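Novice: Got a file for you: target_32.pdb, PDB, C-alpha atoms.
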ATOM      1  CA  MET Q 196      -2.671  18.287 -12.692  1.00  0.00           C
ATOM      2  CA  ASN Q 197      -0.557  15.494 -11.244  1.00  0.00           C
ATOM      3  CA  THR Q 198      -3.045  13.053  -9.758  1.00  0.00           C
ATOM      4  CA  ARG Q 199      -2.536   9.778  -7.901  1.00  0.00           C
ATOM      5  CA  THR Q 200      -4.971   7.065  -6.848  1.00  0.00           C
ATOM      6  CA  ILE Q 201      -5.336   4.853  -3.782  1.00  0.00           C
ATOM      7  CA  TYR Q 202      -8.009   2.276  -2.884  1.00  0.00           C
ATOM      8  CA  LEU Q 203      -9.558   2.444   0.588  1.00  0.00           C
ATOM      9  CA  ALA Q 204     -11.855  -0.096   2.245  1.00  0.00           C
ATOM     10  CA  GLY Q 205     -13.406   1.309   5.428  1.00  0.00           C
ATOM     11  CA  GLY Q 206     -16.856  -0.233   5.722  1.00  0.00           C
ATOM     12  CA  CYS Q 207     -20.076   0.800   3.880  1.00  0.00           C
ATOM     13  CA  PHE Q 208     -18.743   2.922   1.013  1.00  0.00           C
ATOM     14  CA  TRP Q 209     -21.654   5.392   1.113  1.00  0.00           C
ATOM     15  CA  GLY Q 210     -20.216   7.150   4.155  1.00  0.00           C
ATOM     16  CA  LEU Q 211     -16.535   6.775   3.267  1.00  0.00           C
ATOM     17  CA  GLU Q 212     -17.101   8.142  -0.242  1.00  0.00           C
ATOM     18  CA  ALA Q 213     -19.162  11.094   0.973  1.00  0.00           C
ATOM     19  CA  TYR Q 214     -16.371  11.747   3.456  1.00  0.00           C
ATOM     20  CA  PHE Q 215     -13.509  11.879   0.930  1.00  0.00           C
ATOM     21  CA  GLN Q 216     -15.446  14.070  -1.525  1.00  0.00           C
ATOM     22  CA  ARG Q 217     -15.552  16.903   1.038  1.00  0.00           C
ATOM     23  CA  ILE Q 218     -11.751  17.070   1.222  1.00  0.00           C
ATOM     24  CA  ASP Q 219      -9.906  19.745  -0.781  1.00  0.00           C
ATOM     25  CA  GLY Q 220      -7.358  17.923  -2.927  1.00  0.00           C
ATOM     26  CA  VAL Q 221      -9.586  14.949  -3.651  1.00  0.00           C
ATOM     27  CA  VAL Q 222     -10.721  15.280  -7.247  1.00  0.00           C
ATOM     28  CA  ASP Q 223     -12.775  12.074  -7.403  1.00  0.00           C
ATOM     29  CA  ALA Q 224     -14.047   9.242  -5.190  1.00  0.00           C
ATOM     30  CA  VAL Q 225     -15.623   6.181  -6.809  1.00  0.00           C
ATOM     31  CA  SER Q 226     -17.314   3.423  -4.807  1.00  0.00           C
ATOM     32  CA  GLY Q 227     -16.732  -0.147  -5.932  1.00  0.00           C
ATOM     33  CA  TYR Q 228     -15.886  -3.766  -5.100  1.00  0.00           C
ATOM     34  CA  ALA Q 229     -12.244  -4.753  -4.636  1.00  0.00           C
ATOM     35  CA  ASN Q 230     -10.075  -7.836  -4.217  1.00  0.00           C
ATOM     36  CA  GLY Q 231     -12.845 -10.367  -4.646  1.00  0.00           C
ATOM     37  CA  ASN Q 232     -12.761 -13.778  -6.303  1.00  0.00           C
ATOM     38  CA  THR Q 233     -14.802 -12.838  -9.354  1.00  0.00           C
ATOM     39  CA  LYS Q 234     -14.875 -10.232 -12.088  1.00  0.00           C
ATOM     40  CA  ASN Q 235     -17.594  -7.610 -12.565  1.00  0.00           C
ATOM     41  CA  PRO Q 236     -19.679  -8.401  -9.475  1.00  0.00           C
ATOM     42  CA  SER Q 237     -23.023  -6.725  -8.770  1.00  0.00           C
ATOM     43  CA  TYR Q 238     -24.073  -5.341  -5.389  1.00  0.00           C
ATOM     44  CA  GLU Q 239     -26.110  -8.529  -4.942  1.00  0.00           C
ATOM     45  CA  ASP Q 240     -23.147 -10.736  -5.898  1.00  0.00           C
ATOM     46  CA  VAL Q 241     -20.989  -9.240  -3.153  1.00  0.00           C
ATOM     47  CA  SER Q 242     -23.679  -8.916  -0.473  1.00  0.00           C
ATOM     48  CA  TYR Q 243     -25.435 -12.225  -1.047  1.00  0.00           C
ATOM     49  CA  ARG Q 244     -23.345 -14.487  -3.277  1.00  0.00           C
ATOM     50  CA  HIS Q 245     -20.107 -14.448  -1.280  1.00  0.00           C
ATOM     51  CA  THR Q 246     -17.816 -13.221  -4.054  1.00  0.00           C
ATOM     52  CA  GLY Q 247     -15.432 -11.965  -1.341  1.00  0.00           C
ATOM     53  CA  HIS Q 248     -15.036  -8.353  -2.511  1.00  0.00           C
ATOM     54  CA  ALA Q 249     -14.557  -5.501  -0.061  1.00  0.00           C
ATOM     55  CA  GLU Q 250     -16.640  -2.340  -0.402  1.00  0.00           C
ATOM     56  CA  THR Q 251     -13.923   0.071  -1.472  1.00  0.00           C
ATOM     57  CA  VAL Q 252     -13.578   3.700  -2.498  1.00  0.00           C
ATOM     58  CA  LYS Q 253     -11.116   4.517  -5.282  1.00  0.00           C
ATOM     59  CA  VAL Q 254      -9.718   7.909  -4.264  1.00  0.00           C
ATOM     60  CA  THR Q 255      -8.061  10.181  -6.822  1.00  0.00           C
ATOM     61  CA  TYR Q 256      -6.218  13.134  -5.323  1.00  0.00           C
ATOM     62  CA  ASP Q 257      -4.133  16.114  -6.406  1.00  0.00           C
ATOM     63  CA  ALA Q 258      -0.562  14.938  -5.831  1.00  0.00           C
ATOM     64  CA  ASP Q 259       0.460  18.583  -5.436  1.00  0.00           C
ATOM     65  CA  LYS Q 260      -1.982  19.199  -2.578  1.00  0.00           C
ATOM     66  CA  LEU Q 261      -2.130  15.890  -0.719  1.00  0.00           C
ATOM     67  CA  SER Q 262       0.446  13.174  -0.082  1.00  0.00           C
ATOM     68  CA  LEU Q 263      -0.434   9.494   0.382  1.00  0.00           C
ATOM     69  CA  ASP Q 264       0.112   9.999   4.108  1.00  0.00           C
ATOM     70  CA  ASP Q 265      -2.357  12.884   4.275  1.00  0.00           C
ATOM     71  CA  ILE Q 266      -4.893  10.588   2.604  1.00  0.00           C
ATOM     72  CA  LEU Q 267      -4.122   7.845   5.124  1.00  0.00           C
ATOM     73  CA  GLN Q 268      -4.513  10.202   8.092  1.00  0.00           C
ATOM     74  CA  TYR Q 269      -7.982  11.212   6.854  1.00  0.00           C
ATOM     75  CA  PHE Q 270      -8.717   7.487   6.503  1.00  0.00           C
ATOM     76  CA  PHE Q 271      -7.646   6.677  10.075  1.00  0.00           C
ATOM     77  CA  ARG Q 272      -9.707   9.565  11.438  1.00  0.00           C
ATOM     78  CA  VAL Q 273     -12.992   7.820  10.658  1.00  0.00           C
ATOM     79  CA  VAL Q 274     -12.221   4.108  10.216  1.00  0.00           C
ATOM     80  CA  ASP Q 275     -11.798   1.708  13.168  1.00  0.00           C
ATOM     81  CA  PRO Q 276      -8.506  -0.102  12.348  1.00  0.00           C
ATOM     82  CA  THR Q 277      -8.898  -2.717  15.085  1.00  0.00           C
ATOM     83  CA  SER Q 278     -12.162  -4.443  14.163  1.00  0.00           C
ATOM     84  CA  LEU Q 279     -12.172  -7.464  11.859  1.00  0.00           C
ATOM     85  CA  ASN Q 280     -14.916  -7.659   9.213  1.00  0.00           C
ATOM     86  CA  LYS Q 281     -16.983  -4.981  10.933  1.00  0.00           C
ATOM     87  CA  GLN Q 282     -17.464  -1.199  10.859  1.00  0.00           C
ATOM     88  CA  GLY Q 283     -20.335   0.284  12.803  1.00  0.00           C
ATOM     89  CA  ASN Q 284     -23.301  -2.075  12.596  1.00  0.00           C
ATOM     90  CA  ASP Q 285     -22.090  -3.591   9.315  1.00  0.00           C
ATOM     91  CA  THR Q 286     -20.612  -7.101   9.583  1.00  0.00           C
ATOM     92  CA  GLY Q 287     -18.989  -9.282   6.923  1.00  0.00           C
ATOM     93  CA  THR Q 288     -15.846  -9.550   4.809  1.00  0.00           C
ATOM     94  CA  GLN Q 289     -17.297  -6.899   2.485  1.00  0.00           C
ATOM     95  CA  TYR Q 290     -16.818  -4.340   5.282  1.00  0.00           C
ATOM     96  CA  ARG Q 291     -13.233  -5.375   6.121  1.00  0.00           C
ATOM     97  CA  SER Q 292     -10.670  -2.573   6.417  1.00  0.00           C
ATOM     98  CA  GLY Q 293      -7.812  -2.254   3.978  1.00  0.00           C
ATOM     99  CA  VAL Q 294      -5.591  -0.057   1.836  1.00  0.00           C
ATOM    100  CA  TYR Q 295      -4.860  -1.382  -1.681  1.00  0.00           C
ATOM    101  CA  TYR Q 296      -2.231   0.016  -4.029  1.00  0.00           C
ATOM    102  CA  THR Q 297      -1.262  -0.116  -7.710  1.00  0.00           C
ATOM    103  CA  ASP Q 298       2.352   1.035  -7.148  1.00  0.00           C
ATOM    104  CA  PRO Q 299       4.506  -1.534  -5.279  1.00  0.00           C
ATOM    105  CA  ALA Q 300       6.612   1.296  -3.810  1.00  0.00           C
ATOM    106  CA  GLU Q 301       3.556   2.370  -1.795  1.00  0.00           C
ATOM    107  CA  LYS Q 302       3.523  -0.796   0.314  1.00  0.00           C
ATOM    108  CA  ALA Q 303       6.329   0.402   2.592  1.00  0.00           C
ATOM    109  CA  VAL Q 304       4.738   3.837   2.930  1.00  0.00           C
ATOM    110  CA  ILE Q 305       1.419   2.296   3.978  1.00  0.00           C
ATOM    111  CA  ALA Q 306       3.087  -0.076   6.470  1.00  0.00           C
ATOM    112  CA  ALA Q 307       4.980   2.802   8.105  1.00  0.00           C
ATOM    113  CA  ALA Q 308       1.732   4.745   8.460  1.00  0.00           C
ATOM    114  CA  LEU Q 309       0.090   1.733  10.109  1.00  0.00           C
ATOM    115  CA  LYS Q 310       3.028   1.283  12.481  1.00  0.00           C
ATOM    116  CA  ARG Q 311       2.599   4.889  13.623  1.00  0.00           C
ATOM    117  CA  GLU Q 312      -1.183   4.527  13.989  1.00  0.00           C
ATOM    118  CA  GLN Q 313      -0.646   1.463  16.201  1.00  0.00           C
ATOM    119  CA  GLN Q 314       0.854   3.782  18.815  1.00  0.00           C
ATOM    120  CA  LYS Q 315      -2.627   5.230  19.314  1.00  0.00           C
ATOM    121  CA  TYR Q 316      -4.254   1.836  19.929  1.00  0.00           C
ATOM    122  CA  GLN Q 317      -3.912  -0.806  22.624  1.00  0.00           C
ATOM    123  CA  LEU Q 318      -5.682  -3.431  20.469  1.00  0.00           C
ATOM    124  CA  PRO Q 319      -3.750  -4.733  17.454  1.00  0.00           C
ATOM    125  CA  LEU Q 320      -4.459  -3.139  14.063  1.00  0.00           C
ATOM    126  CA  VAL Q 321      -6.034  -5.403  11.434  1.00  0.00           C
ATOM    127  CA  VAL Q 322      -6.152  -3.136   8.363  1.00  0.00           C
ATOM    128  CA  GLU Q 323      -5.118  -4.942   5.152  1.00  0.00           C
ATOM    129  CA  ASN Q 324      -2.137  -3.634   3.149  1.00  0.00           C
ATOM    130  CA  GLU Q 325      -1.764  -5.359  -0.211  1.00  0.00           C
ATOM    131  CA  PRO Q 326      -1.795  -4.852  -4.000  1.00  0.00           C
ATOM    132  CA  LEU Q 327      -5.099  -4.021  -5.670  1.00  0.00           C
ATOM    133  CA  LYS Q 328      -5.968  -7.317  -7.372  1.00  0.00           C
ATOM    134  CA  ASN Q 329      -9.243  -6.162  -8.891  1.00  0.00           C
ATOM    135  CA  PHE Q 330     -11.635  -3.216  -8.674  1.00  0.00           C
ATOM    136  CA  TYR Q 331     -15.079  -2.824 -10.228  1.00  0.00           C
ATOM    137  CA  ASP Q 332     -17.254   0.320  -9.998  1.00  0.00           C
ATOM    138  CA  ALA Q 333     -20.489  -0.001  -8.018  1.00  0.00           C
ATOM    139  CA  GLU Q 334     -23.817   0.654  -9.763  1.00  0.00           C
ATOM    140  CA  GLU Q 335     -24.767   4.265 -10.500  1.00  0.00           C
ATOM    141  CA  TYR Q 336     -27.325   4.455  -7.701  1.00  0.00           C
ATOM    142  CA  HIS Q 337     -24.432   3.854  -5.288  1.00  0.00           C
ATOM    143  CA  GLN Q 338     -22.206   6.687  -6.570  1.00  0.00           C
ATOM    144  CA  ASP Q 339     -22.704   9.964  -4.650  1.00  0.00           C
ATOM    145  CA  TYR Q 340     -25.273   8.038  -2.618  1.00  0.00           C
ATOM    146  CA  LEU Q 341     -25.487  10.416   0.355  1.00  0.00           C
ATOM    147  CA  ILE Q 342     -25.606  13.434  -1.951  1.00  0.00           C
ATOM    148  CA  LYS Q 343     -28.639  11.922  -3.679  1.00  0.00           C
ATOM    149  CA  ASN Q 344     -30.101  10.661  -0.383  1.00  0.00           C
ATOM    150  CA  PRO Q 345     -29.146  13.231   2.329  1.00  0.00           C
ATOM    151  CA  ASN Q 346     -31.011  11.070   4.851  1.00  0.00           C
ATOM    152  CA  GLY Q 347     -29.214   7.902   3.810  1.00  0.00           C
ATOM    153  CA  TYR Q 348     -27.357   5.657   6.240  1.00  0.00           C
ATOM    154  CA  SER Q 349     -23.793   6.553   7.242  1.00  0.00           C
ATOM    155  CA  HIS Q 350     -21.522   5.081   9.912  1.00  0.00           C
ATOM    156  CA  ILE Q 351     -19.223   8.086   9.486  1.00  0.00           C
ATOM    157  CA  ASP Q 352     -19.695  11.703  10.590  1.00  0.00           C
ATOM    158  CA  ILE Q 353     -18.802  13.161   7.203  1.00  0.00           C
ATOM    159  CA  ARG Q 354     -18.420  16.546   8.926  1.00  0.00           C
ATOM    160  CA  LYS Q 355     -15.102  15.365  10.379  1.00  0.00           C
ATOM    161  CA  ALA Q 356     -13.572  15.737   6.916  1.00  0.00           C
ATOM    162  CA  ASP Q 357     -13.493  19.498   7.519  1.00  0.00           C
ATOM    163  CA  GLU Q 358     -10.993  19.241  10.360  1.00  0.00           C
ATOM    164  CA  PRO Q 359      -7.551  20.321   9.113  1.00  0.00           C
ATOM    165  CA  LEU Q 360      -4.688  17.832   9.337  1.00  0.00           C
ATOM    166  CA  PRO Q 361      -2.468  18.433  12.414  1.00  0.00           C
TER     167      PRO Q 361
END
Since I need it in another form, could you write the structure as structure tokens?
Specialist:
Amino acid sequence: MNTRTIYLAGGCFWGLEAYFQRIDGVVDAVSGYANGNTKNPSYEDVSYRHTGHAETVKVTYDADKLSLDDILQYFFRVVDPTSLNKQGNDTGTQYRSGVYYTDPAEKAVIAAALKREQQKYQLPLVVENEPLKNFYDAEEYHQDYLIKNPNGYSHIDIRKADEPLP
């Protein structure tokens, strides 16, 4: 099938990953560390050694089922686009919001989506929109975290993924 990939930073990746996996059209969702200052960081490097990476979820979707905009709408449904370095109770640059792309043509598409989303908010949007500089997969215990630990922490109501797009 014709697949495409987009990188989404929306806070603790456990919840965001679990969320995207429930959506029909999403064939894979990998948690990792993106746009940091170092290569191959560990969870401890990011969380405690200020490498600067953002917890990100690499989303691979069926280009014939979902468009980049559909993916962005699902993103906006559960991520607060107005808070800087903070989602839920999680604070720090590793929880900053952002959309990172590998195709330069996607920049304009992402910006247009953000402009439209701004009409729903009085506070200014602070979601990042820039090229993916680097991405490194998180350790295995982090992948499918909430599936392995049903009682694990989540700042997102994963159920909301079931709502159909307007």
Novice: Do a neighbour search on residue 202 in chain Q at 9 Å with only C-alpha atoms, toss out local chain neighbours closer than 3 positions, and write the hits as a list in words.
Specialist: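 The residues satisfying every condition are residues 229, 251, 252, 253, 254, 255, 293, 294, 295, 296, 297, 327 and 330 of chain Q.
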Novice: Deliver the residues from the most recent selection as a file, using C-alpha atoms, as a PDB file, keeping the file's coordinate frame.
Specialist:
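Contents of the output file part-v9.pdb:
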ATOM      1  CA  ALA Q 229     -12.244  -4.753  -4.636  1.00  0.00           C
ATOM      2  CA  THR Q 251     -13.923   0.071  -1.472  1.00  0.00           C
ATOM      3  CA  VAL Q 252     -13.578   3.700  -2.498  1.00  0.00           C
ATOM      4  CA  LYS Q 253     -11.116   4.517  -5.282  1.00  0.00           C
ATOM      5  CA  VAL Q 254      -9.718   7.909  -4.264  1.00  0.00           C
ATOM      6  CA  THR Q 255      -8.061  10.181  -6.822  1.00  0.00           C
ATOM      7  CA  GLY Q 293      -7.812  -2.254   3.978  1.00  0.00           C
ATOM      8  CA  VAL Q 294      -5.591  -0.057   1.836  1.00  0.00           C
ATOM      9  CA  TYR Q 295      -4.860  -1.382  -1.681  1.00  0.00           C
ATOM     10  CA  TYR Q 296      -2.231   0.016  -4.029  1.00  0.00           C
ATOM     11  CA  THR Q 297      -1.262  -0.116  -7.710  1.00  0.00           C
ATOM     12  CA  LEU Q 327      -5.099  -4.021  -5.670  1.00  0.00           C
ATOM     13  CA  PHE Q 330     -11.635  -3.216  -8.674  1.00  0.00           C
TER      14      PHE Q 330
END
Novice: Find the residue from Q:333, Q:279, Q:274, Q:207 that sits nearest to residue 321 in chain Q; use only C-alpha atoms when measuring.
Specialist: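 Using only C-alpha atoms, residue 321 in chain Q sits closest to Q:279.
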Novice: Quick one, how far is CA of residue 353 in chain Q from CA of residue 224 in chain Q?
Specialist: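 CA of residue 224 in chain Q lies at a distance of 13.8 Å from CA of residue 353 in chain Q.
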Novice: Evaluating the PyMOL selection byres ((chain Q and resi 329) around 10) on the displayed file yields which residues, as number ranges by chain?
Specialist: Q: 228-235, 248, 295, 326-328, 330-331
Novice: Using the chain letters and numbering of this document, enumerate as a ChimeraX atom specification the residues selected by the PyMOL selection byres ((chain Q and resi 218) around 12).
Specialist: /Q:211-217,219-224,254-257,260-261,265-266,269-270,353-360
Novice: If you measure from CA of residue 239 in chain Q to CA of residue 226 in chain Q, what distance in Å do you get, rounded to one decimal?
Specialist: 14.8 Å
Novice: Show me the residues close to (-1.1, 14.5, -13.9) - anything with an atom within 9 Å, counting only C-alpha atoms - and format the list as a list in words.
Specialist: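 Within the cut-off we find residues 196, 197, 198, 199, 257 and 258 of chain Q.
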Novice: If you measure from CA of residue 204 in chain Q to CA of residue 304 in chain Q, what distance in Å do you get, rounded to one decimal?
Specialist: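 Distance between the two atoms: 17.1 Å.
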Novice: Could you pull the residues within 12 Å of residue 310 in chain Q, counting all atoms listed in the file, minus those fewer than 4 positions along the same chain, as an mmCIF file with C-alpha atoms, in the frame of the given file?
Specialist:
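File produced: result07.cif:
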data_model
loop_
_atom_site.group_PDB
_atom_site.id
_atom_site.type_symbol
_atom_site.label_atom_id
_atom_site.label_comp_id
_atom_site.auth_asym_id
_atom_site.auth_seq_id
_atom_site.Cartn_x
_atom_site.Cartn_y
_atom_site.Cartn_z
ATOM 1 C CA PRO Q 276 -8.506 -0.102 12.348
ATOM 2 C CA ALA Q 303 6.329 0.402 2.592
ATOM 3 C CA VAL Q 304 4.738 3.837 2.930
ATOM 4 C CA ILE Q 305 1.419 2.296 3.978
ATOM 5 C CA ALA Q 306 3.087 -0.076 6.470
ATOM 6 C CA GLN Q 314 0.854 3.782 18.815
ATOM 7 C CA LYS Q 315 -2.627 5.230 19.314
ATOM 8 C CA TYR Q 316 -4.254 1.836 19.929
ATOM 9 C CA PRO Q 319 -3.750 -4.733 17.454
ATOM 10 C CA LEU Q 320 -4.459 -3.139 14.063
ATOM 11 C CA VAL Q 321 -6.034 -5.403 11.434
ATOM 12 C CA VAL Q 322 -6.152 -3.136 8.363
ATOM 13 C CA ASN Q 324 -2.137 -3.634 3.149
#
Novice: Evaluate the PyMOL selection byres ((chain Q and resi 334) around 9) and record the selected residues as a list in words, following the chain and residue labels used in the document.
Specialist: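 On this input, the PyMOL selection byres ((chain Q and resi 334) around 9) captures residues 226, 227, 237, 238, 332, 333, 335, 336, 337 and 338 of chain Q.
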Novice: Report, as lines of an AutoDock Vina configuration file, the centre and edge lengths in Å (one decimal) of the axis-aligned box enclosing every listed atom of range 256-275 of chain Q, padded by 4 Å on each side.
Specialist:
center_x = -6.3
center_y = 10.5
center_z = 3.4
size_x = 21.5
size_y = 25.5
size_z = 27.6
Novice: Kindly complete range 341-357 of chain Q to N, CA and C atoms; the output should be written as an mmCIF file, in the coordinates of the input.
Specialist:
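Written output follows (rebuild-v2.cif):
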data_model
loop_
_atom_site.group_PDB
_atom_site.id
_atom_site.type_symbol
_atom_site.label_atom_id
_atom_site.label_comp_id
_atom_site.auth_asym_id
_atom_site.auth_seq_id
_atom_site.Cartn_x
_atom_site.Cartn_y
_atom_site.Cartn_z
ATOM 1 N N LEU Q 341 -25.021 9.494 -0.680
ATOM 2 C CA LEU Q 341 -25.487 10.416 0.355
ATOM 3 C C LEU Q 341 -25.806 11.814 -0.162
ATOM 4 N N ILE Q 342 -25.324 12.132 -1.357
ATOM 5 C CA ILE Q 342 -25.606 13.434 -1.951
ATOM 6 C C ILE Q 342 -27.001 13.354 -2.561
ATOM 7 N N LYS Q 343 -27.339 12.172 -3.067
ATOM 8 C CA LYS Q 343 -28.639 11.922 -3.679
ATOM 9 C C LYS Q 343 -29.677 11.601 -2.604
ATOM 10 N N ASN Q 344 -29.221 11.025 -1.493
ATOM 11 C CA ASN Q 344 -30.101 10.661 -0.383
ATOM 12 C C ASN Q 344 -29.519 11.223 0.916
ATOM 13 N N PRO Q 345 -29.657 12.543 1.137
ATOM 14 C CA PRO Q 345 -29.146 13.231 2.329
ATOM 15 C C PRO Q 345 -29.481 12.547 3.649
ATOM 16 N N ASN Q 346 -30.569 11.784 3.657
ATOM 17 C CA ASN Q 346 -31.011 11.070 4.851
ATOM 18 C C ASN Q 346 -30.554 9.615 4.863
ATOM 19 N N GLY Q 347 -29.712 9.259 3.898
ATOM 20 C CA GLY Q 347 -29.214 7.902 3.810
ATOM 21 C C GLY Q 347 -28.364 7.506 5.002
ATOM 22 N N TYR Q 348 -28.145 6.204 5.144
ATOM 23 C CA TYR Q 348 -27.357 5.657 6.240
ATOM 24 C C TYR Q 348 -25.869 5.971 6.100
ATOM 25 N N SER Q 349 -25.223 6.256 7.227
ATOM 26 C CA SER Q 349 -23.793 6.553 7.242
ATOM 27 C C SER Q 349 -23.205 6.274 8.618
ATOM 28 N N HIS Q 350 -22.179 5.429 8.658
ATOM 29 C CA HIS Q 350 -21.522 5.081 9.912
ATOM 30 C C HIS Q 350 -20.423 6.100 10.216
ATOM 31 N N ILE Q 351 -20.252 7.066 9.321
ATOM 32 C CA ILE Q 351 -19.223 8.086 9.486
ATOM 33 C C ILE Q 351 -19.797 9.501 9.543
ATOM 34 N N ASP Q 352 -19.270 10.314 10.454
ATOM 35 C CA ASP Q 352 -19.695 11.703 10.590
ATOM 36 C C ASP Q 352 -18.904 12.453 9.527
ATOM 37 N N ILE Q 353 -19.459 12.507 8.323
ATOM 38 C CA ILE Q 353 -18.802 13.161 7.203
ATOM 39 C C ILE Q 353 -18.267 14.557 7.522
ATOM 40 N N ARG Q 354 -18.844 15.203 8.531
ATOM 41 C CA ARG Q 354 -18.420 16.546 8.926
ATOM 42 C C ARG Q 354 -16.936 16.564 9.288
ATOM 43 N N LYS Q 355 -16.487 15.495 9.940
ATOM 44 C CA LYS Q 355 -15.102 15.365 10.379
ATOM 45 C C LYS Q 355 -14.063 15.552 9.278
ATOM 46 N N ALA Q 356 -14.501 15.554 8.025
ATOM 47 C CA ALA Q 356 -13.572 15.737 6.916
ATOM 48 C C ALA Q 356 -13.063 17.176 6.885
ATOM 49 N N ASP Q 357 -13.834 18.079 7.486
ATOM 50 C CA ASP Q 357 -13.493 19.498 7.519
ATOM 51 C C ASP Q 357 -12.336 19.837 8.447
#
